[PDB]
Structures are given as structure tokens and as C-alpha cells.
Amino acid sequence: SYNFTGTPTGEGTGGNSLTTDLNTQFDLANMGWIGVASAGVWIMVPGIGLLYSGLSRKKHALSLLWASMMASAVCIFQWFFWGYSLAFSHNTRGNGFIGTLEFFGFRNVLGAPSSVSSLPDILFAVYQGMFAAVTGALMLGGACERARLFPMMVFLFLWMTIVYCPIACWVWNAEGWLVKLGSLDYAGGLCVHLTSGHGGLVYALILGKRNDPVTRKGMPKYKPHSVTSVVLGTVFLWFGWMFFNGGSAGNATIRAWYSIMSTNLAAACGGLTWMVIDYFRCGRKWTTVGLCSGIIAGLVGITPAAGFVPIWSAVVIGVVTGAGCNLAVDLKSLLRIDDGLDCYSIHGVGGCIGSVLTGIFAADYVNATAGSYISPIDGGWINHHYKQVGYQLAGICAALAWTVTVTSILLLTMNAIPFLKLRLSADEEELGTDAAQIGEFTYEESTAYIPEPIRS
Amino acid sequence: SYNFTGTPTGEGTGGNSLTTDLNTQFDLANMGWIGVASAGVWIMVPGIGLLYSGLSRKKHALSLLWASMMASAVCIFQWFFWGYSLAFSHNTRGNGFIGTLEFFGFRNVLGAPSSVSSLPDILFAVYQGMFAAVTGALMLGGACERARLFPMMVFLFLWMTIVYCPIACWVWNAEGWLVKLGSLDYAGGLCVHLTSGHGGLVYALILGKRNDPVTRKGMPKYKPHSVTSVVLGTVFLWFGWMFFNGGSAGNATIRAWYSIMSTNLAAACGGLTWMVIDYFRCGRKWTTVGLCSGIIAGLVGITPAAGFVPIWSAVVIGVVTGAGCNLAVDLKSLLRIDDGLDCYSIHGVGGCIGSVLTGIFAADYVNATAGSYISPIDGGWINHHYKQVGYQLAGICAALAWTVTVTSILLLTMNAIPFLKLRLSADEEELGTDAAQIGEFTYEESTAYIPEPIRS
Amino acid sequence: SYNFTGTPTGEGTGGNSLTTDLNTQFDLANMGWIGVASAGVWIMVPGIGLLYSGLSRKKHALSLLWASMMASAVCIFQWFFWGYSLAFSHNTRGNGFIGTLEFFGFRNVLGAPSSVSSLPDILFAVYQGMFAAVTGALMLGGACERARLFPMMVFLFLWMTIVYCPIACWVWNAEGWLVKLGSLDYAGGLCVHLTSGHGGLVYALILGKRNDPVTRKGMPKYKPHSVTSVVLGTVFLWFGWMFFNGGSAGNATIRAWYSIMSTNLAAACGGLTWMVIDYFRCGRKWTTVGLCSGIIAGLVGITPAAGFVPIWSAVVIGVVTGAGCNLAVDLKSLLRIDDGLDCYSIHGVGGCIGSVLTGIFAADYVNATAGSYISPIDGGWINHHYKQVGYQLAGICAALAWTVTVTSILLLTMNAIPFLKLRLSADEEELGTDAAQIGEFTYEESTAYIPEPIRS
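Chains as they are written, first to last, in the authors' numbering: chain C, 2 to 457; chain B, 2 to 457; chain A, 2 to 457.
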């Protein structure tokens, strides 16, 4: 047999695999789960394209299902480049503000325990990358209207680098200032949904058609480009979500399965709530994207709460986030803008309803179901520890002020450069073109090239 | 460091999460597999939508693929409400006929050995919850022509409470009475396929178009609304069925993988059997829904058997089920109904053909591969325990009489209330016309409401 | 409790399961991960049907997505029949050239430790059978134009028997002659990709339409039947590939997750490389299938490498395989053949690029991360051992010589038996130009029978 004669470092590379069995630090069952979960979280990336392409009331030229592969490629590459480092490095340079570049090019990402200690660096980095790929596929879907492909890549890269990563460092790193503060966030109310959501708002305001003919009064609330596309994307997203929330436990203990039950319940309820609110708000008619929008809403709602709150409380978290989001979509008719408040009214707002409600129903008797793997939490309002709701709004503010600020800067800087302008203004574009090659899901038959925006 | 000081209870909640590592009664590898097996079982719900929406010789007003997220949401919620309780509670009400309401609202559910002791309560409930949502979707597809969406919600919820859960407790509860009798049903050939399949038959005979014109002598047998929908339906369902059967072993032992192999070989032979039977019955032409209909008929046939029967017998089961089901589709041209019997000829007849054949080929040596996790079965007819076919037939008839009677009562009772009758009669309806909105998979571009039947 | 009073045998059936707990030889977590990864690999089979039906510049009468359940059904069966035997028999019939038929009809495959000792036969046979079905699908892929269905079945069954199974014996069976020579092939650079690729090249030269109109000078290089098919096929494939490669570790150790991170990075870099090359070769226009084709190319290139090479080299293997496969599609316009050098230029050419570059970057310390489960390697050029590239080339030439020789003998044989002729010549064919029923994915609506070639 191959015999080892060394002890794991518990730092850096984690040890020498030639002389040290780095797997003894970890459980094979915890790894075999978070490994499968990784593959499962990724199938949410094309589910996010299928959803928001299909929900949109404007045909997009850049197919969002198609683009979601480019979102995978430049996010998987940004994560390898310096992404995993800037977020989840073992050493940070602030009050815990952003990581260093010790993990550039995935240098020394091998077998040391991560910020989740039940898992080696390389398995955590794989898992957490899909979270980035998910988020960056959302940010893509909020900013895809009349987008240009290469400035879209550059935008995504830079956005993930200077917006998602520092916020992930705050919330999920073992040394992030919001983790020390007390901000609870299971699977990314703040990191994935609040970030992508509000950059979707910051898109709507800075770019994106103002005074949009699709938002005029008396124009329908739902005119979906493809119902099928909305329903397929929810199948992938709901399925992928059991792994998104399940694996955030970091292990295979009761806590992971407790949080999948909370995840599906808050889905069912959030769905059934939206479906029905719309039934009344639309006059005894059953909406066609009503259910599916509700399902997603209740899933964003329970994202930050999944591994903290009681099962019954999920029902509450799904109903409030369903309703709150159903009403939030109506904000499209006050600004008279469409792009891309679709992403905002479900992820930005659902992210906030969730991160608060998280700090209300947060129980210690749920979190301890990870037993032996526990990183103890003080409790929430249902535990008579009342000041947790402030620790959440602290997270909600930092993650919001930073996204809303830096995304604004990023878009406007990219706008001053003609070579990188994300979206063209109508006076530049060859407006009105052979855009009949879209395309229920992607593009019409024998379409060899994507119909990109041109100028003059 | 943090330590735990208290022994698990083995009753009720099974322990105090805060003074008992509840996990120490279960293997993290067993749990992590039934956890992912859950999410896998769930992706069958829209597969059932797709497969029967697309196999239909009729445009359905209610898109089955759409209606499957609705069948997820009211089943997940019914499971949480009192579903897990009525079917799987630790104490039964007399003889082992139904469970108590001790798990109402998922009160008192976690870290306690369930009815499969290798799994806690909260995980066996998540896993088994998906089996509910799969039968909900099958009851849907059989009972959905001209169906109204809100009676259909109310119908599932009720059908799932007074038909599924009692038969579930009979066969899968530790204390159930069909367990004690000797009835073998690995993964639901009694609970899932025979019950939803026969609620299809009950639908065809009570509601659903009598003397349907699609069934006249000379009119074609197959004529699929959408072949793609059938095939992507089979893709999901087969994917799919591997966790459905594989996780029913309750553990990750050799037994799980012996039963995944039997699953795919029965599918492979159900498929080729139906496909080649159709080739000779249709005058030497390869049908478009023959292969996929045999794959599902074969997967149904092996469903009660995958964990007891030798691999080689999966061939015998796939070939006989796919044949018997092929004939059972011809039942439509004798009854002159359709509405109906697709969800019956595959699941109803398949579930029966399956469960009888489990009594004939069950082997003591195959069940035993579970190792230190076994419940030792005497075996079946090839172990010369002739008395097994009878216990299987005893299980069929118990499950068959309680479904035909209570679905008949539930459909007639509901047929008497204008607020809730599932399907409007031919005279109070108003055809068509919204077909121009259906829909290869769901609904046409920019549809906003589902074309619910309204009365004159 | 049930007590076990026997010891595992090591051979045949592994022991009597009635008196031995065969599970004690194996780790549940390892078995669990490779069991889920089985079903994950399966979903790659319709991905190959979706991907190559959409890439085609010719619309095919036999839908690859439809026929991919046929590839699945007859490959499962050929595995049960004698495929697992011929490839992974414990006793190879000299000198590690092909197995025996000791596992015929899956006799004795159960609990013995397989050719990967950390997994029982029955689980390793399930898992590896999916690699077969992936290959049978890729071989159906490149040989479907104007294919006849029953000859297509018989061709797959024999091609899987006398071409896939020997080569799998040589490089994967524990006693195989390329194993003991030194050839590294992690997850199927030779057995899966190089074989089916080169079988496409052999088809294209022998049966494919010579002097095809779609390849005359100035005819577009890309004219995809369906961008949506290409994108959905990549979603299933890229999801499934994480289990394809990750499960090739044979276990849940850090080597499995290290290999999944290589897999994704090479995909990402293969997609962007092709996408950017296409951009500059098609004159500043972004190709509609470029990004995806490079994703599949990169996943092909890293297939033999994933478990042996440093993460950073996945960038190199991705760019070189992306670019190399790009160039190779231009071969269609030198031979003036289309069907079916689509499969050749990604799988054939990517197999060889991948397997060579595996010998250059194999690293003893990456392989060593499986810790207690390794058979150590010297490594390749970067460990300063230069014999490894030799062993790679030896494996390439054996695999290439065999499939190019035997596929030709097999195609030319069948092509001389009127009723087994795979593809009718344009002079005996009826040429019913009813391509009107050939849909985007499968068949149009109410299509009933597949359109098989007939003769005047």
C-alpha cells in the first residue's frame, strides 16, 4: 500500500499530497454531497436565462439562454483568475473587507480546510463558483436589453470582481466583517439576490429605455415572450435550488435536509400566493407566469433563511415574499421603465424581504441540527434576542450601498468609452433590423451569427 | 470547543437539537444520497407533465407541463400540512390503516429514526414528499381535459389525503397493515402507479368524453400532440427514475445500485418491446411514441420489484409489462373513451403487472445485499415461497378497491357542487376557441391567462 | 439483529450475501457519489442527440434526440448481454486484450471489488455502462444521415461489442494491456471520444454523401439546424460532464473535486477560445454555435487529463483543444463531406489532442490527492518524466488503428447485406422528400411514424 508520513498543514496548500493524505481532515460524505450540489447549482445558470428571457415583454436580440453559457464561461474564468481569492481567501485586508490575491490562478487551492471547515479549499471553491455563476447569470439578465456581447463580458468580469466578491467576503468568508457583526445569510440573500437585483435596478435607471411603450397605462402586466421558456427555466431553477440551499449547510447533517424542506415549502406557498393574488388583481383570470414567478419569489425569500428558520415559518416567508414581489413588479408602471426591473422586483426585493424575515424567525434549535458541525448562532426575534434584525439591515445596507454605488460607477465608466459601451443609445443604433430571427428560446433556424447591435 | 451532552430519544422529535447531536444515529453517506435522490425524484413531476401533454391525441386547455408546478405546490403543501403525518406517523390508528396527526404542520419532525431507520424524519419526509408530488402529477395528467384549475387544486389536495396517504401508510409505514401481511413494494408500484393509474380509469368512466371521436374503428392509435414533449418527458422521467428506485433502498448499500441496474434494464426492454410490437402491428413502421412508451412501461413494471428481483428478471418484467401495457392502450377503442386511459394503460396496468411479478421473482439473496440494513424477506416464487403472489394480490386488491371507490366518491361528490365540479359538462361549457394559444408545450407567444373553461 | 458470519470472497459474486455483508469492503460515501454520478452521466445521452441534431447543416430524417433513447435502450442491453464482461471481466482472455464472458447476462456481477477496487462490481458496471451509452450515442450521432433504424440498432450493438469493449479493456480493465504499458486516460480520451470520433471519420469516408453541396467553396461553415438544440444539448452535457469526469476518480476524495474544477475551467476556456477565433474568422461576427462547440471541445480535451494535470494546465488544454477542433471542422471542405465529420472534429481530434497533452502535464501530486486510494504515477513532462507522452501515443495508435479498421470492416460488411445495409445508396432509395415532418427537435405534430428510407 501507499503509506503516508506527514501531517496536514491546515493552511496554504493544506499539505503535500505526496507525503500526506489530505482527505483525513474531511468526511467523504460531506464532500460527495457538496460535489453533487455543485453540478446542481450550475444547472440554475441556464435556468436563469430561460426564466427571464421568457418572462420579458420585449424580444431580446441577445438570447438569454444562449448568453447564459457565456455567463458560465467568463464567471468560471473570473473565479479561477482571482475570484475565489478575492472572496474566500484565508487572509483578508480590511476589517474583513476584501481578500488578498493569495489564491490567484488557484495557486494553493488544494486540501486545506476552507472558510467552511468541513470541506477542502478545492471543493468549496468549486461549489462557491457556481454561486458566482448563478449571480453573474442574473446580472446578465438584468442588463441584457440591447446589450453588446464583448462589453457584456468585460462588464460581468469587472462586476463580479469589484461587486460580488467583496460582498461575498463580508457575508460568507470566515473573516468578513458582516459575519463577525452577526449578519445571517444562509445561501445569499445579500450575495446573490440583493446584489444582482439592485444592479438590475441601477441598470434600469442609468441605461434602459426610459418612458417605455410596454409600460404605458392600460398595457398588460404580463406579456410573456414564451410561457414554455418560463416554465422550463423554473423546473431547472427549483431543482437546482434544492442543492443551492441544501449544500449551504456545508455538510450532510440534519440541517441540510431540514433546509430543503423549508426551501420547497416556501416555494409552494410563495407560488400559490402569487398565483392567487394575480387571480384577483386580474379579475378571476389565472395568470400564465403567475405561479412560476411566485415559486421563484418564495425561493429567494427563503434563501437567506433556509438553514435558520422553522419549517412552519417558511410558509410565512414565502407568502410575504410572494406578495411583496407581486406588488413589486408594479413598480414598472411608476418609473415607466421595463429593463431590467424584472430581476429587481424578484431578486432585489425578495432579497430584502428575506434577509429581514430571516432575522425574525431565526431559531437556534434549527441551526444546531448540524450538531458537531455547528458554528453556533445567538438566535432571533422568536428567541427573544431582538437586536438581530439590525444586524440583518446592516448587511442589507452594506450590500446595497456598495452594489448600487459601484455598479453605477461601472456602467457609467464603461459608457464614456465608446469601445466598451454596454448599451447603445437609439441615435447610434441601426434601430429596427432583421430581428425576426429571434427566436422563442434562442434563434431561428440556420441563424449563423447572433444579431448584434451596430452603429450608423 | 463545543460538546454535546444528551442521548437521542428515538421517539417524537427524536431529541433536543441543542443537547443532542441527532446526526449520530445516521450515516452521513446514507443521508447525503437520499437527499440528492429527493431532488432527482422531483424532476419527474414536469417529466410527467411533458410526457402526457405531448402523448395526447387531444389539445389540452390546461398545459400539463404548466400544471405540474401547480401539482408540485399543492402536494408539497399538503405534505407539510398533514401529508407526512397521515401516511408515515410513528403511531397508526388501529390495525395500521392510517396515521395520527402527530406530524401536523411538520410539528415534531427531525432527527428521529423514520420508517426507514437509516434516515431521520426530516429527510425521509423530504424524500417521500416527492413521491407524493409525483402521484399528484399522474393524477393530473389523467384527469385534466377541460379541467378547471381551482377545482383541480382542491381535487389533488383531497385525493392526496384520502387516497394516496392511506394506501401509503398501508405499504410503507413501519406499522402499516399491508407491510405485516407480506406485501412487497419497493418504490411504489402499488402506492404510485396503480393508484394514479386507476384514478385515471375512474376519471374516464365518470367524467371524460363518452363515445370520444378519437377512438372510432379506423382512427389511428398513436397521434402525439408533441413528440419532442414525449421525448424530453422520457429524458426527465428516466433520469429521474434512477433516484426514484435507487433511493427506495433507504441507504447507499449494494442494494441501491443493484436496483438502479434493474431499473435501466427494464426500461431498456420495455422500450424495445413496445417499439418492436408496434412495428409489427402497424404494418412494419417504427412509431414515434412506441420506444418512449415502453421505457416508461418498463420503468413502471420494475418499480415495485427493483429491490427484490434478480437483474435477469428485469428483462422478463420489462418485456411483459411493455407488452401488457401496449395492449392496454387498445382499451380505449373498446370503451370509446380516451380522457382517460393513457395514464391508466401504462401506470394502472403496469402497476398491477409489476406487483404480481414481484411476488414471482423476489429473491432473498437480492434483498439481502443491503447488508446490515436488511429486513429479511422470505422471497417469492423462485424461492418456492408460493404464498407471496397472494400477498401481492392482496396488496393490489386493497389498493385497487380503496382508489376506485374513494376517487369515485370524491369525483361524484365534487360533481354535485357548481363551485367545484372538476369538469363542466358539454352543455354548460363554451367551445372553443382559445386553442390558438395552445401550445406545443404550454401556451403561445404573449399568452397571459390560462384558457380556463367558463360557463354560459 | 441479522448477524453476518462469512467473509467476502474477492471473486465471482463477491460472496454469499445471505451470510456476508459485502458492503463492508466499500465506503458508502464513495458508492453514493458514483451512484448519483451514474444518473448524471446518463443525461449526457440526450445531450449528444440535442447537440449534433442542432449543429447539422443538413436536417436529418432520424432525429438524434429521438434516437438517443434508442442508443440508450440498446446500449444498456448490450452491456447486460456481454459488454461488461468483454470490457471489465476480472479475467482477461490474454493478454489483457478482451475480457471473458464470465459476466454474461450479468452473472456474478454483484459485490466483488471491481477493476476499480473502491467500488463493487454492480455499481461499477452501472456507472461504466453509461460511458458506453454516451459512446453509442456519439456513434449514432456521426452515422445518422439517411440511416435506417433497424440496421442502426444492429450496427450499434456490434460496434459496441467489437470496438468499444476491447479498447475499454485495454486502458481501463485492471489487467488491460495499455494499463500495464503506462497509458493514462482519466475519463475516456481514448475509449469514449477518440473511438466514436474516428468512427464518424470512417463513416464519412465510406457511407457519407460525397461531394456534398453544403461544403462547396463559399458555402457557410455554420448553418445550424437549431441553435436551441445546440444550447440545450450543451446544458445537459456540461451538467453531465461534471459527473463524467468527477466520477472517474472512483471515489469522493479531493481528486474527484480537483478534476471537476479542471473540467469546468477547460470548458470555459474552450468556449471562449473558439468563440473568439470564430469572431476573427467570420469577420467581426459572433457565431451562434461557436461558444458552445468550444465548450464541448474543451471538455473533450480535459477528459483524459482531468485527474492527472494541474488546474492551470486546464487553461492550456482548453485553448489548444478549442483551437485545434476549430480548425478541424474545416476538413469538411477539403473532403467535401459533411455527414459526419461533426463528431470527428470534436471527439476524434479532441481525443488525440487531449490524450497527448495528458502525457505532457500529468502530475504525480495531482494524482496523489486521492490519498489512500492511489496507484501513484511518475507523472509527465512537468515532473521530468518523458516516457509518458510515448505511452499516450501508443494508446492513441492502438485505439485509432482498431476503430478505423474494425468500423470499416463492420460498415463494409453490413453494407453488403441488403436488409442490414445501414444507408441505402441514392440510387436504390425512394427519396421521398417529406422532410416536412422533421421538426426542430423531433417530429412536427401528430407525426406517428418515423420516416425511414425505402426502396423502389
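All C-beta atoms, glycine included, are put in the ideal place defined by N, C-alpha and C.
### Query
In this structure, what does DSSP give as the bridge partners for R424/B?
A148/B
### Message
Only counting the same chain, and skipping five residues up and downstream in sequence, which positions put a Cβ closer than 8 Å to that of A369/B?
### Response
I375 and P377
### Coarse secondary structure for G100/A, derived from DSSP in three states
strand
### Message
Quick check: is the beta carbon of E446/B nearer than 8 Å to any beta carbon in chain C?
### Response
yes
### Own chain residues within Cβ distance below 7 Å of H386/B, not counting five before or after
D379 and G380
### Message
I'd like to know if the region 295 to 302 of chain C and the region 237 to 244 of chain C are in contact, where contact means that at least 3 CB-CB pairs between them fall below 8 Å.
### Response
yes
### Query
Mind pulling the chain C residues with CB within less than 7 Å of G41/A?
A40
### Message
Strictly by DSSP, which residues pair up with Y280/B?
### Response
Answer is none; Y280/B lacks a bridge partner.
#### Entry: Local conformation of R256/C per DSSP, three classes
helix
### Message
Output needed for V277/B: all residues of its chain with C-beta closer than 6 Å, excluding positions within five of it in sequence on either side, in chain order.
### Response
none
### Task
Using a Cβ cut-off of 8 Å, pull out every chain A residue sitting near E453/C, in sequence order please.
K286 and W287
### Query
Using a beta-carbon distance below 8 Å, is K333/B in contact with chain A?
no
### Message
By alpha-carbon positions, which one of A437/C, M32/C, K333/C and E431/C ends up nearest to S457/C?
### Response
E431/C
### Query
Using 8 Å as the limit for Cβ to Cβ distance, is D379/A near chain C?
no
### Task
Using alpha carbons as the reference points, say which of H91/A, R256/A and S64/A lies closest to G50/A.
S64/A
### Task
Quick one: grab the DSSP three-state call for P121/C.
strand
### Within chain B, the residues that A449/A reaches when beta carbons sit closer than 7 Å
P221, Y223, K224, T288 and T289
### Query
So, using beta-carbon positions, are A88/A and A175/A closer together than 8 Å?
no
### Task
List the whole-angstrom C-beta distance separating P225/C from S447/B, where the pair is believed to meet the contact cut-off of C-beta under 8 Å.
6 Å
### Query
For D28/C versus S119/C, is the C-beta distance shorter than 8 Å?
yes
### Message
Can you look up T288/C in the DSSP assignment and give me helix, strand or coil?
### Response
strand
### Task
Just the C-alpha distance for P454/A and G284/B, rounded to the nearest angstrom, thanks.
15 Å
#### Entry: Helix, strand or coil at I338/A [DSSP, three-state]
coil
### Task
Spatial neighbours of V46/B within its chain, please: CB distance less than 7 Å, with the 5 preceding and 5 following residues excluded, ordered by chain position.
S69, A72, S73, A134, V135 and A138
#### Entry: Coil, strand or helix - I439/A by DSSP
strand
### Task
Report the option in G325/B, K333/B, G106/B and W178/B whose CA atom is closest to the CA atom of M220/B.
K333/B
#### Entry: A257/A at chain C interface by Cβ criterion, 8 Å
yes
### Query
For residue 1/C, which three-state DSSP category applies?
Only positions 2 to 457 of chain C appear in this structure, which leaves residue 1/C out of reach.
### For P114/C, the residue or residues it bridges with in DSSP
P121/C
### Message
So the candidates are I383/A, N17/A, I35/A and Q393/A; which of them puts its Cα closest to the Cα of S249/A?
### Response
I35/A
### Query
Run through DSSP, which three-state label would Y345/A get?
helix
### Query
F309/A and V42/A look like a contact to me (Cβ under 8 Å); what is the Cβ gap, rounded to whole Å?
With 8 Å as the limit, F309/A and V42/A do not qualify as a contact, their Cβ atoms being about 20 Å apart.
### Query
I think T359/C touches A188/C, with their Cβ atoms under 8 Å apart; what is that distance to the nearest whole Å?
So it is not a contact: roughly 11 Å between Cβ atoms.
### Task
Identify the contact partners of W403/C in chain A, using a Cβ-Cβ distance below 9 Å as the criterion.
In chain order: nothing, as chain A lies at least about 27 Å away.
### Message
Using beta carbons (cut-off 8 Å, strictly below), is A30/C in contact with chain A?
### Response
yes
### Task
Measuring alpha carbon to alpha carbon, tell me which of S260/A, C344/A and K60/A ends up nearest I439/A.
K60/A
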